[PDB]
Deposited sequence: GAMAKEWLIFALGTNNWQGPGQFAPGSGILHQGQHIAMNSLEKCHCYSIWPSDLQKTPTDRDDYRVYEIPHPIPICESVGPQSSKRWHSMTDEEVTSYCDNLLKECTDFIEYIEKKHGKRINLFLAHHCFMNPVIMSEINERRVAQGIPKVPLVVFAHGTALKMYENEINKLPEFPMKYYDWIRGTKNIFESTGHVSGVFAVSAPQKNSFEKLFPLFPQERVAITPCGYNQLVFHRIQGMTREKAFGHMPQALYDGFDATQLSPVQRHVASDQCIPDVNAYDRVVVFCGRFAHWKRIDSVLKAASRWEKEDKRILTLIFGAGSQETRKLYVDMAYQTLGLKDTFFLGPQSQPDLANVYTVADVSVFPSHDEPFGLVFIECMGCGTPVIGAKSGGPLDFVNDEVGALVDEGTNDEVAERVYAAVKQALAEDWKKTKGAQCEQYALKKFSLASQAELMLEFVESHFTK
């Protein structure tokens, strides 16, 4: 070959990117990372479209557009796809198709060159739309463009709910996407599927058994090292000293003991420099993140009076916030553990930078972006021996505790933190953490591999 492959990519997302007034789910963070990654590669341009009922399509950038919609993004499980009416499902898909074809028109005029990769997120309406966009192009005498799908799992779970005839999931999509659209019944529409985790690859392969397993693979995932790096001059007071406690609406401070009076809604953490060491969790408040294992480990170490400060970052519904706030303060008597809410990526880099250790004791973490972000800031990590972290957490960058009940994990997390603090892992592994993360997991290295994989195995 005389020249390197030039890529011109169009990427259709399911969720919003992270911006003002709207935090993004894992899926939307990944899409945004990938967009960043691919516009870094030498012979490569990526254009993206994604939906939001709040964020507005930009005025001074052309590299992405927002599909501005009148109601919250439909969820597989505010309103659900199965709750929508046909006319509403139809016009959501039809209007999005139109905005895609118009963006594609603009892109191909700007470059005097045809798009040569479609990327579609989730195994539902986005590959249906890009599949129809391809058929329309062939009919017009335009070359078709390989289509690659990112299985994140939410659409696959919805299909299983239809198959097992759960009540609020009458069969409406799975049989249609296999029997009428035939999206995954061959390689005629979709060239390859990237799954974020092994259970999603397994679930995809069971739900779409006519799709060649050779064309199914696990997504290489990167982190944004432009944002997640050791932050020069950072301080505890700058990093989290001005973040207010984020509890839940209607939280009653009178139900708390006197030694807990520092716990207060919308108040900052008092005198952050008095604490000896800082332990950080970050994650959405899902049950499999095992936040309760973090809170139980802290119940033990807070009894030892070593001034260990524990920070819980991440979002939850009012229900899950009440569960873990009340668990922390009424059930376990914590007083040096605080909830600080969801935060921007730059704010988290500052926190990781000043943390002694992070703990993410997930049960079957799909990949574990939080792990790589934290290490990329020069901080060690403690997780569990399940899911994605098994593949990349070793003893030089932190530790994975043995799987078990939530109570067993809690005791093992307590032992791991006590040992990280005693041996000052921050000092002895910190540098290795940033170098490991930077070299194996940067956004641009991982996208490069991904595209080489598309060319080697998805033709």
Counting from 1 along the deposited sequence, which stretches lack C-alpha positions? 78-83, 466
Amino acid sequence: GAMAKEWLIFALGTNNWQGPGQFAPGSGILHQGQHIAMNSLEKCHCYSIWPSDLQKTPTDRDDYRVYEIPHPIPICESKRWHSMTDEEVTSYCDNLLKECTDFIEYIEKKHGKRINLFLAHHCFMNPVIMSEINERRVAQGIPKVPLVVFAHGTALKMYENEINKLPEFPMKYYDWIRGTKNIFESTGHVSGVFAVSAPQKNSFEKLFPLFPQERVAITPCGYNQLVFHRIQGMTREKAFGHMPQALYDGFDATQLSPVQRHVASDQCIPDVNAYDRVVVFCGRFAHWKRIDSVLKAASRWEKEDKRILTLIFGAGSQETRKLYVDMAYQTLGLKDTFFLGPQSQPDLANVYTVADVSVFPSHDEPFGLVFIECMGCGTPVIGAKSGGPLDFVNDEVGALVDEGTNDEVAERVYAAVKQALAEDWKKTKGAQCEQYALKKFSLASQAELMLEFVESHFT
From here on, numbers count along this sequence of modelled residues.
Between 271-279 and 128-136, the record assigns the higher mean Cα B factor to 271-279
Should the higher mean CA B-factor in the entry be assigned to 379-387 or to 83-91? 83-91
Compare the CA B factors listed in the entry for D102, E108, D347, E365 and report the winner. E108
Deposited CA B-factor, highest of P361, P209, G192, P220: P220
Relative to the other modelled residues in the chain, which third contains the C-alpha temperature factor of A399: lowest, middle or highest? lowest
Assigned third (lowest, middle, highest) for the C-alpha B factor of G241: middle
Ranking every modelled residue in this chain by its Cα temperature factor as given in the entry, which third contains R65? lowest
By the record's CA B-factor, is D356 among the lowest, middle or highest third of residues in the chain? lowest
Sorting by Cα B-factor within the chain, modelled residues only, which third would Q55 end up in: lowest, middle or highest? lowest
